[PDB]
Amino acid sequence: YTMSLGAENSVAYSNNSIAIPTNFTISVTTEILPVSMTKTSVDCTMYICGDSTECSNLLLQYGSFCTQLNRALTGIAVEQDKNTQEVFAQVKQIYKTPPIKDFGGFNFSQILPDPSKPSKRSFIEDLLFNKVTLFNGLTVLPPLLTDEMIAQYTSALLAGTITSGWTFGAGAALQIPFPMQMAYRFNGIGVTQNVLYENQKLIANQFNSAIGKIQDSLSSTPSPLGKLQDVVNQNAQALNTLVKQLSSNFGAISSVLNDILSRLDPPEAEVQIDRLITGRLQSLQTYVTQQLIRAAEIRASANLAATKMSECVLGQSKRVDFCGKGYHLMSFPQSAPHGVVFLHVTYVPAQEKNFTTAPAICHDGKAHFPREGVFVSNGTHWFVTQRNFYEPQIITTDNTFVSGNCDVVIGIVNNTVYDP
Amino acid sequence: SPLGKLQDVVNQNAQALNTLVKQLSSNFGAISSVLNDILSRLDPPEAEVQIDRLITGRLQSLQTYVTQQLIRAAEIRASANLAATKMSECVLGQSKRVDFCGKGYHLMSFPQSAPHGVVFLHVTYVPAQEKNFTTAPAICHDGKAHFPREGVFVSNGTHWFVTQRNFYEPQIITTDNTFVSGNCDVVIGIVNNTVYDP
Amino acid sequence: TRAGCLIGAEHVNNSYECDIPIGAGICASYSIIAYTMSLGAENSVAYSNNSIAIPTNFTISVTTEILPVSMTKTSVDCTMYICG
Amino acid sequence: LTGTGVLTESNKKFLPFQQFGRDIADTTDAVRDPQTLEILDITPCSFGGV
Ligand SMILES: *[C@@H]1O[C@H](CO)[C@@H](O)[C@H](O)[C@H]1NC(C)=O
Ligand SMILES: *[C@@H]1O[C@H](CO)[C@@H](O)[C@H](O)[C@H]1NC(C)=O
Ligand SMILES: *[C@@H]1O[C@H](CO)[C@@H](O)[C@H](O)[C@H]1NC(C)=O
Ligand SMILES: *[C@@H]1O[C@H](CO)[C@@H](O)[C@H](O)[C@H]1NC(C)=O
Ligand SMILES: *[C@@H]1O[C@H](CO)[C@@H](O)[C@H](O)[C@H]1NC(C)=O
Ligand SMILES: *[C@@H]1O[C@H](CO)[C@@H](O)[C@H](O)[C@H]1NC(C)=O
Ligand SMILES: *[C@@H]1O[C@H](CO)[C@@H](O)[C@H](O)[C@H]1NC(C)=O
Ligand SMILES: *[C@@H]1O[C@H](CO)[C@@H](O)[C@H](O)[C@H]1NC(C)=O
Ligand SMILES: *[C@@H]1O[C@H](CO)[C@@H](O)[C@H](O)[C@H]1NC(C)=O
Ligand SMILES: *[C@@H]1O[C@H](CO)[C@@H](O)[C@H](O)[C@H]1NC(C)=O
Ligand SMILES: *[C@@H]1O[C@H](CO)[C@@H](O)[C@H](O)[C@H]1NC(C)=O
Ligand SMILES: *[C@@H]1O[C@H](CO)[C@@H](O)[C@H](O)[C@H]1NC(C)=O
């Protein structure tokens, strides 16, 4: 069939009408980003020849391709180490959460490290690590940073986040009450602190429920870490195809050098060896070039991950959809086998209600405009409220400003402005 | 070692050129690496065969150099796009993005030229000389809760004040810099204090 | 070590901001000593429900950032290079 | 079948008619010694970078 783009609805647009949400949902979204790939170095001489002096003798006359490929792979490995260090090593101090976990009812025991000592990893890190499942001149160099240190870096970042907010990313960590941090973040997205201080229990419950839902999705739903799995699969496929290409004759009598030497006279035997050299060297160069392209793509992904961590973990981002669907509140990093996982805490309006609206209020022959808010209309009376939450207030000179008479504004209504 | 990136780029380009020139001096399995000797010593059929093998080797090496140059060009273009974004967002304006233009709250930026690059001097604001204080979410006065407009309530042990978050400038709590949002029986942590009315 | 073995460097129990990275968390510095790298200063913030830290002073810091913009423009005559 | 490496005792069990074994990517891993009909594990001796 022809695919359907989605639900087909028309917004109830009207000249005098507005829709304002009266309640909210705290959503937590998971984002997976590859950071680094396995560091592989291939001995060009051994792969092409396989410890045969005569093959080496003709190979050396054939160029300096071995040096080029070796330096390319070494640069790729160093770049992988740089990517990992850049993404995670953002803080200069390893912060710690206090033993007393009183965060206003917000629960973080699923993302904080646990005393059980499973490599100092939380469920989400443990779930991700469990979820992802993984000799003729090629070798794999271990990463500079072990999983334990990456987990420690993540724990330091998360502890600094909850205990200090965004201050530790812009200087020295400054302790803050968690409720105050959440209120500051609400102020950032344009909602007054009163909403949090009056709905703190609901917000904490919603956040805990969202974290539990993320844990359930990771535990049960599969195919959530496709990007890391795809990267690992591509690397494995490249290595396997390279090893298989080693077992191809490339148009000679045999694919193994020992047999060719043991059965053939030196001139045509060396000719066959040379054709094998050409085929194997070309295949190795193809592998190196594809590895370089993959390294560039992974570096782009790692730069994106570092930007996300700096702009969403160390601070609050006003960029739309950069760190989750909805008004971004906070973000939490988590380690992954070759990547990072971001839990984006966002604010989503819900339970909207229609309200009539006027650009300004004409009182005493002068026009009044809201300072920061909207003149919604109840059937009984006109009210001024904030855009992102329905908190009606009596129109007053305190929250309105005058900008002349009321004969120039299109759509102005007549109402009284209370003077206190 | 402060300009390692530019030095590294120059070194990589020089290394690629040098290895290309050296590869020109390889026989690629032929009798000689120089065409003149092959032509002057050999009959046309095998001489042309040797020439063809040199052609294959040299052309393949040139293609390898071109491919690596293309990859380096893509990486340099990514870096240049980042530099242009930094210039537009930090030199032509003030950026709220954290750590995008320096450690600390970004103030202003200055560009400077470099032999094959640009140098940004990021002027940033870094808080220092911190002090501890006792805070409260709101103030309960006259049976109603007062919240700061833009700031925080702190107490110098015995007297509550309202100041800005990023600098310690205590001020007397007043209805001018606070707003009321109902009674004081729902806020967790609220205290009792007087709100001065001017 | 997990990266192989070291000859000529002696292992120490202390941890420092290491200089020469070796692998698997082990790295060496200057006799040549090998150790597990230290991530940094290890401190705990004095978190309380009613405690804040507010700065009373500021520092204007200037930081230098280097960014490559372009590389040398090289054109190679393919025919002349290959044949001469 | 020619090769180079270190031989060691193996606990894997081969079928009677079956002489040697290959891992993924078609690389030899174990061989049965003809004289004693015994299974030997084959691993290449240590190589690497300095
Ligand atoms: C807002 O929506 C949430 C959804 O979980 C609900 O629990 C809460 O009671 C709602 N609040 C109001 C005031 O309706
Ligand atoms: C967080 O959830 C865990 C679930 O086992 C519970 O044991 C713990 O007490 C919770 N913490 C808070 C502060 O609710
Ligand atoms: C506003 O009214 C229209 C028309 O009845 C309706 O379709 C729409 O859902 C209403 N919106 C809200 C938020 O009540
Ligand atoms: C409109 O506002 C008045 C005054 O705040 C309130 O009593 C009433 O319930 C609201 N709704 C309607 C439908 O009048
Ligand atoms: C709003 O639009 C309607 C649509 O017909 C029009 O009748 C009405 O006069 C407009 N009201 C204004 C501009 O206040
Ligand atoms: C508002 O009041 C003025 C003065 O009485 C009048 O001219 C104007 O028509 C009124 N507008 C409305 C919408 O009632
Ligand atoms: C606290 O602030 C008050 C001003 O309200 C001042 O008089 C007093 O000396 C300060 N210090 C202490 C220890 O109360
Ligand atoms: C910290 O907890 C105590 C009771 O344990 C409470 O009285 C106080 O108000 C809390 N701090 C804040 C800022 O709410
Ligand atoms: C503030 O003072 C009133 C006086 O009646 C008292 O009832 C209320 O409990 C006080 N608030 C706090 C947080 O102690
Ligand atoms: C703030 O710190 C700077 C450091 O250079 C110092 O010169 C200045 O006197 C300090 N100001 C205060 C008020 O302590
Ligand atoms: C033979 O099959 C059984 C049953 O699956 C298994 O337990 C045993 O390990 C197998 N032998 C070998 C050598 O794999
Ligand atoms: C020769 O092979 C037989 C198997 O048929 C074995 O029993 C015997 O021990 C072998 N003799 C040797 C290895 O000397």
# chains A, B, ... in the order shown; residues from 1 in each chain; ligands from 1
>>> interface_residues(of="chain D", to="chain A", cutoff="8 Å", atoms="only C-alpha atoms", output="list in words")
residues 25, 26, 44 and 48 of chain D
>>> residues_around(residues="residue 20 in chain D", least_positions_apart="3", cutoff="8 Å", atoms="only C-alpha atoms", output="mmCIF file with N, CA, C and O atoms, in the first residue's frame")
data_model
loop_
_atom_site.group_PDB
_atom_site.id
_atom_site.type_symbol
_atom_site.label_atom_id
_atom_site.label_comp_id
_atom_site.auth_asym_id
_atom_site.auth_seq_id
_atom_site.Cartn_x
_atom_site.Cartn_y
_atom_site.Cartn_z
ATOM 1 N N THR D 28 42.745 -22.546 10.544
ATOM 2 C CA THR D 28 42.948 -23.803 11.251
ATOM 3 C C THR D 28 43.091 -23.562 12.748
ATOM 4 O O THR D 28 43.811 -22.655 13.175
ATOM 5 N N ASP D 29 42.406 -24.375 13.545
ATOM 6 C CA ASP D 29 42.441 -24.238 14.993
ATOM 7 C C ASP D 29 42.894 -25.497 15.709
ATOM 8 O O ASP D 29 43.535 -25.395 16.755
ATOM 9 N N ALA D 30 42.590 -26.673 15.171
ATOM 10 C CA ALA D 30 42.985 -27.926 15.793
ATOM 11 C C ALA D 30 43.203 -28.958 14.701
ATOM 12 O O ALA D 30 42.581 -28.894 13.637
ATOM 13 N N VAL D 31 44.089 -29.913 14.974
ATOM 14 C CA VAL D 31 44.366 -31.003 14.050
ATOM 15 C C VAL D 31 44.478 -32.291 14.852
ATOM 16 O O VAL D 31 44.862 -32.284 16.025
ATOM 17 N N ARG D 32 44.133 -33.400 14.209
ATOM 18 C CA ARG D 32 44.287 -34.722 14.793
ATOM 19 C C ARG D 32 45.617 -35.314 14.348
ATOM 20 O O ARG D 32 45.900 -35.381 13.147
#
>>> atom_distance(atom1="CA of residue 312 in chain A", atom2="CA of residue 60 in chain C")
24.2 Å
>>> select_by_dssp(residues="range 33-134 of chain B", states="alpha helix (DSSP H)", output="mmCIF file with N, CA, C and O atoms, in the first residue's frame")
data_model
loop_
_atom_site.group_PDB
_atom_site.id
_atom_site.type_symbol
_atom_site.label_atom_id
_atom_site.label_comp_id
_atom_site.auth_asym_id
_atom_site.auth_seq_id
_atom_site.Cartn_x
_atom_site.Cartn_y
_atom_site.Cartn_z
ATOM 1 N N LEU B 35 62.348 5.291 -16.635
ATOM 2 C CA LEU B 35 61.889 4.880 -17.959
ATOM 3 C C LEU B 35 63.007 4.950 -18.992
ATOM 4 O O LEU B 35 63.077 4.102 -19.890
ATOM 5 N N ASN B 36 63.895 5.940 -18.881
ATOM 6 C CA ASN B 36 64.919 6.129 -19.906
ATOM 7 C C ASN B 36 65.818 4.906 -20.021
ATOM 8 O O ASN B 36 66.131 4.456 -21.132
ATOM 9 N N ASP B 37 66.231 4.344 -18.884
ATOM 10 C CA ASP B 37 67.078 3.158 -18.911
ATOM 11 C C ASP B 37 66.350 1.980 -19.543
ATOM 12 O O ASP B 37 66.934 1.238 -20.340
ATOM 13 N N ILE B 38 65.072 1.797 -19.206
ATOM 14 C CA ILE B 38 64.314 0.668 -19.739
ATOM 15 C C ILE B 38 64.212 0.767 -21.255
ATOM 16 O O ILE B 38 64.419 -0.217 -21.975
ATOM 17 N N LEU B 39 63.893 1.959 -21.763
ATOM 18 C CA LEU B 39 63.795 2.131 -23.209
ATOM 19 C C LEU B 39 65.148 1.940 -23.881
ATOM 20 O O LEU B 39 65.237 1.322 -24.948
ATOM 21 N N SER B 40 66.212 2.462 -23.272
ATOM 22 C CA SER B 40 67.528 2.413 -23.890
ATOM 23 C C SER B 40 68.179 1.037 -23.816
ATOM 24 O O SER B 40 69.157 0.801 -24.532
ATOM 25 N N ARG B 41 67.673 0.128 -22.978
ATOM 26 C CA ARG B 41 68.293 -1.181 -22.829
ATOM 27 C C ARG B 41 67.445 -2.344 -23.320
ATOM 28 O O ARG B 41 67.999 -3.423 -23.557
ATOM 29 N N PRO B 44 61.199 -3.494 -27.473
ATOM 30 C CA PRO B 44 59.892 -2.851 -27.239
ATOM 31 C C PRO B 44 58.872 -3.699 -26.490
ATOM 32 O O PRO B 44 58.186 -3.157 -25.612
ATOM 33 N N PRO B 45 58.715 -5.026 -26.769
ATOM 34 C CA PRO B 45 57.657 -5.757 -26.037
ATOM 35 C C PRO B 45 57.824 -5.871 -24.524
ATOM 36 O O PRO B 45 56.944 -5.425 -23.776
ATOM 37 N N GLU B 46 58.922 -6.438 -24.031
ATOM 38 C CA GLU B 46 59.096 -6.449 -22.581
ATOM 39 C C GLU B 46 59.358 -5.046 -22.036
ATOM 40 O O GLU B 46 58.988 -4.756 -20.895
ATOM 41 N N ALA B 47 60.045 -4.179 -22.789
ATOM 42 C CA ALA B 47 60.218 -2.817 -22.288
ATOM 43 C C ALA B 47 58.856 -2.174 -22.053
ATOM 44 O O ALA B 47 58.638 -1.521 -21.025
ATOM 45 N N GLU B 48 57.918 -2.354 -22.991
ATOM 46 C CA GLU B 48 56.596 -1.766 -22.803
ATOM 47 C C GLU B 48 55.861 -2.466 -21.668
ATOM 48 O O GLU B 48 55.051 -1.839 -20.981
ATOM 49 N N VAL B 49 56.117 -3.761 -21.462
ATOM 50 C CA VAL B 49 55.507 -4.469 -20.335
ATOM 51 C C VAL B 49 55.977 -3.862 -19.015
ATOM 52 O O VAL B 49 55.181 -3.618 -18.096
ATOM 53 N N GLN B 50 57.284 -3.614 -18.903
ATOM 54 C CA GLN B 50 57.817 -2.977 -17.703
ATOM 55 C C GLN B 50 57.232 -1.584 -17.540
ATOM 56 O O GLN B 50 56.880 -1.171 -16.427
ATOM 57 N N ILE B 51 57.116 -0.844 -18.644
ATOM 58 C CA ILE B 51 56.534 0.489 -18.574
ATOM 59 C C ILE B 51 55.111 0.398 -18.053
ATOM 60 O O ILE B 51 54.688 1.203 -17.220
ATOM 61 N N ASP B 52 54.356 -0.595 -18.526
ATOM 62 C CA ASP B 52 52.972 -0.759 -18.102
ATOM 63 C C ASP B 52 52.888 -1.068 -16.615
ATOM 64 O O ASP B 52 51.994 -0.567 -15.920
ATOM 65 N N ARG B 53 53.792 -1.908 -16.108
ATOM 66 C CA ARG B 53 53.756 -2.199 -14.676
ATOM 67 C C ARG B 53 54.111 -0.958 -13.858
ATOM 68 O O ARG B 53 53.505 -0.711 -12.804
ATOM 69 N N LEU B 54 55.065 -0.148 -14.334
ATOM 70 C CA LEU B 54 55.318 1.127 -13.663
ATOM 71 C C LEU B 54 54.089 2.018 -13.716
ATOM 72 O O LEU B 54 53.791 2.731 -12.753
ATOM 73 N N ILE B 55 53.381 2.011 -14.844
ATOM 74 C CA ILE B 55 52.190 2.843 -14.976
ATOM 75 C C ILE B 55 51.164 2.429 -13.939
ATOM 76 O O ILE B 55 50.579 3.268 -13.248
ATOM 77 N N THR B 56 50.956 1.121 -13.796
ATOM 78 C CA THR B 56 49.983 0.634 -12.826
ATOM 79 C C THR B 56 50.385 1.045 -11.418
ATOM 80 O O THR B 56 49.571 1.592 -10.664
ATOM 81 N N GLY B 57 51.654 0.829 -11.060
ATOM 82 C CA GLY B 57 52.078 1.142 -9.705
ATOM 83 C C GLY B 57 51.979 2.624 -9.397
ATOM 84 O O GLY B 57 51.431 3.026 -8.364
ATOM 85 N N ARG B 58 52.483 3.463 -10.305
ATOM 86 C CA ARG B 58 52.484 4.900 -10.069
ATOM 87 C C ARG B 58 51.070 5.460 -10.065
ATOM 88 O O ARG B 58 50.739 6.313 -9.234
ATOM 89 N N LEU B 59 50.223 5.006 -10.992
ATOM 90 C CA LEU B 59 48.851 5.487 -11.033
ATOM 91 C C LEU B 59 48.107 5.087 -9.770
ATOM 92 O O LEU B 59 47.337 5.880 -9.216
ATOM 93 N N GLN B 60 48.321 3.858 -9.298
ATOM 94 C CA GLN B 60 47.653 3.427 -8.079
ATOM 95 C C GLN B 60 48.126 4.249 -6.885
ATOM 96 O O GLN B 60 47.322 4.636 -6.029
ATOM 97 N N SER B 61 49.433 4.521 -6.807
ATOM 98 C CA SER B 61 49.945 5.348 -5.717
ATOM 99 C C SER B 61 49.358 6.752 -5.779
ATOM 100 O O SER B 61 49.009 7.338 -4.745
ATOM 101 N N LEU B 62 49.251 7.311 -6.984
ATOM 102 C CA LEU B 62 48.664 8.635 -7.140
ATOM 103 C C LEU B 62 47.210 8.636 -6.692
ATOM 104 O O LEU B 62 46.750 9.590 -6.055
ATOM 105 N N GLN B 63 46.468 7.579 -7.025
ATOM 106 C CA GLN B 63 45.082 7.488 -6.583
ATOM 107 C C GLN B 63 44.998 7.394 -5.067
ATOM 108 O O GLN B 63 44.097 7.973 -4.453
ATOM 109 N N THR B 64 45.916 6.651 -4.449
ATOM 110 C CA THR B 64 45.937 6.581 -2.991
ATOM 111 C C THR B 64 46.178 7.959 -2.391
ATOM 112 O O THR B 64 45.504 8.361 -1.430
ATOM 113 N N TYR B 65 47.121 8.705 -2.966
ATOM 114 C CA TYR B 65 47.396 10.052 -2.481
ATOM 115 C C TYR B 65 46.172 10.941 -2.639
ATOM 116 O O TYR B 65 45.836 11.715 -1.738
ATOM 117 N N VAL B 66 45.491 10.838 -3.782
ATOM 118 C CA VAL B 66 44.321 11.670 -4.034
ATOM 119 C C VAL B 66 43.209 11.334 -3.051
ATOM 120 O O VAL B 66 42.521 12.224 -2.541
ATOM 121 N N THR B 67 43.003 10.044 -2.781
ATOM 122 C CA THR B 67 41.952 9.645 -1.852
ATOM 123 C C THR B 67 42.240 10.161 -0.449
ATOM 124 O O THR B 67 41.344 10.685 0.231
ATOM 125 N N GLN B 68 43.490 10.031 0.002
ATOM 126 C CA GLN B 68 43.829 10.539 1.325
ATOM 127 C C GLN B 68 43.688 12.053 1.375
ATOM 128 O O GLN B 68 43.243 12.612 2.386
ATOM 129 N N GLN B 69 44.054 12.736 0.288
ATOM 130 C CA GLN B 69 43.875 14.179 0.225
ATOM 131 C C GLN B 69 42.403 14.548 0.306
ATOM 132 O O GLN B 69 42.041 15.539 0.944
ATOM 133 N N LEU B 70 41.539 13.771 -0.348
ATOM 134 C CA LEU B 70 40.105 14.033 -0.285
ATOM 135 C C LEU B 70 39.583 13.874 1.135
ATOM 136 O O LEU B 70 38.777 14.686 1.607
ATOM 137 N N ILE B 71 40.026 12.826 1.831
ATOM 138 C CA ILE B 71 39.574 12.617 3.204
ATOM 139 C C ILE B 71 40.048 13.760 4.095
ATOM 140 O O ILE B 71 39.289 14.291 4.922
ATOM 141 N N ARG B 72 41.309 14.166 3.930
ATOM 142 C CA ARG B 72 41.831 15.278 4.714
ATOM 143 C C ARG B 72 41.079 16.560 4.392
ATOM 144 O O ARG B 72 40.841 17.387 5.278
ATOM 145 N N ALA B 73 40.718 16.753 3.124
ATOM 146 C CA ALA B 73 39.957 17.931 2.732
ATOM 147 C C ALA B 73 38.594 17.941 3.398
ATOM 148 O O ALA B 73 38.116 18.992 3.827
ATOM 149 N N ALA B 74 37.945 16.779 3.478
ATOM 150 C CA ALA B 74 36.655 16.712 4.155
ATOM 151 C C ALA B 74 36.800 17.064 5.629
ATOM 152 O O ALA B 74 35.984 17.813 6.184
ATOM 153 N N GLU B 75 37.843 16.543 6.275
ATOM 154 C CA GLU B 75 38.053 16.855 7.687
ATOM 155 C C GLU B 75 38.336 18.341 7.886
ATOM 156 O O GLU B 75 37.807 18.971 8.812
ATOM 157 N N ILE B 76 39.166 18.918 7.016
ATOM 158 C CA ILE B 76 39.481 20.339 7.104
ATOM 159 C C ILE B 76 38.236 21.175 6.849
ATOM 160 O O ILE B 76 38.048 22.228 7.462
ATOM 161 N N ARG B 77 37.375 20.734 5.932
ATOM 162 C CA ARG B 77 36.135 21.457 5.681
ATOM 163 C C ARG B 77 35.229 21.419 6.899
ATOM 164 O O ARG B 77 34.559 22.407 7.211
ATOM 165 N N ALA B 78 35.184 20.281 7.595
ATOM 166 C CA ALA B 78 34.416 20.223 8.834
ATOM 167 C C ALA B 78 34.975 21.201 9.858
ATOM 168 O O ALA B 78 34.221 21.927 10.523
ATOM 169 N N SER B 79 36.303 21.252 9.977
ATOM 170 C CA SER B 79 36.923 22.184 10.913
ATOM 171 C C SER B 79 36.630 23.627 10.523
ATOM 172 O O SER B 79 36.387 24.476 11.387
ATOM 173 N N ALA B 80 36.666 23.927 9.226
ATOM 174 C CA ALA B 80 36.398 25.279 8.751
ATOM 175 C C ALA B 80 34.950 25.670 8.996
ATOM 176 O O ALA B 80 34.661 26.824 9.321
ATOM 177 N N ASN B 81 34.021 24.729 8.820
ATOM 178 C CA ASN B 81 32.626 25.009 9.130
ATOM 179 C C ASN B 81 32.459 25.298 10.612
ATOM 180 O O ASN B 81 31.721 26.212 10.999
ATOM 181 N N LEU B 82 33.159 24.538 11.459
ATOM 182 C CA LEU B 82 33.109 24.813 12.890
ATOM 183 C C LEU B 82 33.675 26.192 13.195
ATOM 184 O O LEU B 82 33.130 26.925 14.026
ATOM 185 N N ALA B 83 34.776 26.560 12.537
ATOM 186 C CA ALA B 83 35.377 27.869 12.765
ATOM 187 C C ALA B 83 34.444 28.988 12.326
ATOM 188 O O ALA B 83 34.336 30.015 13.003
ATOM 189 N N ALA B 84 33.776 28.816 11.185
ATOM 190 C CA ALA B 84 32.829 29.823 10.723
ATOM 191 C C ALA B 84 31.667 29.955 11.695
ATOM 192 O O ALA B 84 31.211 31.068 11.986
ATOM 193 N N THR B 85 31.178 28.826 12.211
ATOM 194 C CA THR B 85 30.104 28.873 13.193
ATOM 195 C C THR B 85 30.557 29.594 14.452
ATOM 196 O O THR B 85 29.813 30.406 15.013
ATOM 197 N N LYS B 86 31.781 29.319 14.907
ATOM 198 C CA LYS B 86 32.293 29.995 16.092
ATOM 199 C C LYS B 86 32.419 31.488 15.853
ATOM 200 O O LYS B 86 32.058 32.293 16.715
#
>>> interface_residues(of="chain B", to="chain A", cutoff="6 Å", atoms="only C-alpha atoms", output="list in words")
residues 23, 26, 28, 29, 97, 98, 103, 104, 126 and 187 of chain B
>>> residues_around(residues="residue 59 in chain C", least_positions_apart="6", cutoff="10 Å", atoms="only C-alpha atoms", output="list in words")
residues 104, 124, 125, 126, 127, 128 and 129 of chain B
>>> residues_near_ligand(ligand="ligand 4", cutoff="9 Å", atoms="only C-alpha atoms and all ligand atoms", output="mmCIF file with N, CA and C atoms, in the first residue's frame")
data_model
loop_
_atom_site.group_PDB
_atom_site.id
_atom_site.type_symbol
_atom_site.label_atom_id
_atom_site.label_comp_id
_atom_site.auth_asym_id
_atom_site.auth_seq_id
_atom_site.Cartn_x
_atom_site.Cartn_y
_atom_site.Cartn_z
ATOM 1 N N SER A 377 -9.238 35.012 27.861
ATOM 2 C CA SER A 377 -10.608 35.393 28.190
ATOM 3 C C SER A 377 -11.463 34.214 28.644
ATOM 4 N N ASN A 378 -11.877 34.274 29.902
ATOM 5 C CA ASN A 378 -12.900 33.476 30.550
ATOM 6 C C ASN A 378 -14.239 34.066 30.125
ATOM 7 N N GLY A 379 -15.314 33.288 30.229
ATOM 8 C CA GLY A 379 -16.600 33.858 29.868
ATOM 9 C C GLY A 379 -16.948 35.014 30.785
ATOM 10 N N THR A 380 -16.689 34.824 32.080
ATOM 11 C CA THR A 380 -16.953 35.823 33.108
ATOM 12 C C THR A 380 -16.033 37.036 33.000
ATOM 13 N N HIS A 381 -14.730 36.818 32.800
ATOM 14 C CA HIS A 381 -13.790 37.932 32.884
ATOM 15 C C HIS A 381 -12.522 37.643 32.091
ATOM 16 N N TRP A 382 -11.767 38.705 31.831
ATOM 17 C CA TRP A 382 -10.460 38.613 31.193
ATOM 18 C C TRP A 382 -9.367 38.359 32.225
ATOM 19 N N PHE A 383 -8.392 37.522 31.865
ATOM 20 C CA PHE A 383 -7.319 37.159 32.780
ATOM 21 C C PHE A 383 -5.982 37.184 32.053
ATOM 22 N N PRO A 392 -4.255 31.731 35.655
ATOM 23 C CA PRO A 392 -4.887 33.033 35.424
ATOM 24 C C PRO A 392 -4.656 33.981 36.590
ATOM 25 N N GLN A 393 -4.504 35.261 36.265
ATOM 26 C CA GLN A 393 -4.305 36.296 37.265
ATOM 27 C C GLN A 393 -5.124 37.518 36.886
ATOM 28 N N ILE A 394 -5.524 38.283 37.899
ATOM 29 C CA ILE A 394 -6.292 39.497 37.660
ATOM 30 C C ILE A 394 -5.411 40.509 36.945
#
>>> residues_near_ligand(ligand="ligand 1", cutoff="7 Å", atoms="only C-alpha atoms and all ligand atoms", output="PyMOL selection string")
chain A and resi 23-25+202+206
>>> select_by_dssp(residues="range 114-330 of chain A", states="strand (DSSP E)", output="PyMOL selection string")
chain A and resi 138-141+327-330
>>> write_last_selection(atoms="C-alpha atoms", output="tab-separated table (two decimals), in the first residue's frame")
chain	number	residue	atom	x	y	z
A	138	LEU	CA	46.05	-7.94	12.25
A	139	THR	CA	45.78	-6.98	15.91
A	140	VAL	CA	43.41	-4.96	18.10
A	141	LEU	CA	44.85	-2.29	20.38
A	327	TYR	CA	11.28	21.86	26.23
A	328	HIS	CA	14.62	20.56	27.48
A	329	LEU	CA	15.01	20.38	31.27
A	330	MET	CA	18.05	18.24	32.13
>>> residues_around(residues="residue 4 in chain B", least_positions_apart="4", cutoff="9 Å", atoms="only C-alpha atoms", output="PDB file with N, CA and C atoms, in the first residue's frame")
ATOM      1  N   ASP B   8      50.356  20.092  12.715  1.00  0.00           N
ATOM      2  CA  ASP B   8      50.036  18.726  12.318  1.00  0.00           C
ATOM      3  C   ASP B   8      49.486  18.684  10.901  1.00  0.00           C
ATOM      4  N   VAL B   9      48.624  19.640  10.548  1.00  0.00           N
ATOM      5  CA  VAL B   9      48.065  19.665   9.198  1.00  0.00           C
ATOM      6  C   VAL B   9      49.176  19.868   8.174  1.00  0.00           C
TER       7      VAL B   9
ATOM      8  N   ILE C  66      42.553  27.233  18.848  1.00  0.00           N
ATOM      9  CA  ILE C  66      43.164  27.155  17.527  1.00  0.00           C
ATOM     10  C   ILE C  66      42.287  26.281  16.646  1.00  0.00           C
TER      11      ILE C  66
END
>>> interface_residues(of="chain C", to="chain A", cutoff="6 Å", atoms="only C-alpha atoms", output="MDAnalysis selection string")
chainID C and resid 23:25 40:44 47 49 52:53
>>> residues_near_ligand(ligand="ligand 8", cutoff="8 Å", atoms="only C-alpha atoms and all ligand atoms", output="count of residues only")
13
>>> interface_residues(of="chain C", to="chain D", cutoff="12 Å", atoms="only C-alpha atoms", output="short mmCIF file (atom, residue, chain, number, x, y, z; two decimals) with C-alpha atoms, in the first residue's frame")
data_model
loop_
_atom_site.label_atom_id
_atom_site.label_comp_id
_atom_site.auth_asym_id
_atom_site.auth_seq_id
_atom_site.Cartn_x
_atom_site.Cartn_y
_atom_site.Cartn_z
CA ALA C 3 48.32 -3.95 26.82
CA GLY C 4 51.32 -6.30 27.05
CA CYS C 5 54.29 -6.03 29.39
CA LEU C 6 56.73 -3.26 30.27
CA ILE C 7 60.49 -3.69 30.53
CA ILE C 22 50.28 3.24 27.35
#
>>> residues_near_ligand(ligand="ligand 12", cutoff="12 Å", atoms="only C-alpha atoms and all ligand atoms", output="NGL selection string")
:D and (32-38)
>>> residues_near_ligand(ligand="ligand 5", cutoff="10 Å", atoms="only C-alpha atoms and all ligand atoms", output="list in words")
residues 14, 15, 16, 17, 357, 358, 359, 409, 410, 411, 412 and 413 of chain A
>>> closest_residue(among="B:166, B:155, B:88, B:15", to="chain C", atoms="only C-alpha atoms")
B:166
>>> residues_near_ligand(ligand="ligand 9", cutoff="8 Å", atoms="only C-alpha atoms and all ligand atoms", output="ChimeraX atom specification")
/B:140-143,184-185,189-193
>>> residues_near_ligand(ligand="ligand 11", cutoff="12 Å", atoms="only C-alpha atoms and all ligand atoms", output="JSON, numbers by chain")
{"D": [10, 11, 12, 13, 14, 15, 16, 39]}
>>> residues_near_ligand(ligand="ligand 6", cutoff="9 Å", atoms="only C-alpha atoms and all ligand atoms", output="list in words")
residues 362, 363, 364, 365, 406, 407, 411, 412, 413, 414 and 415 of chain A
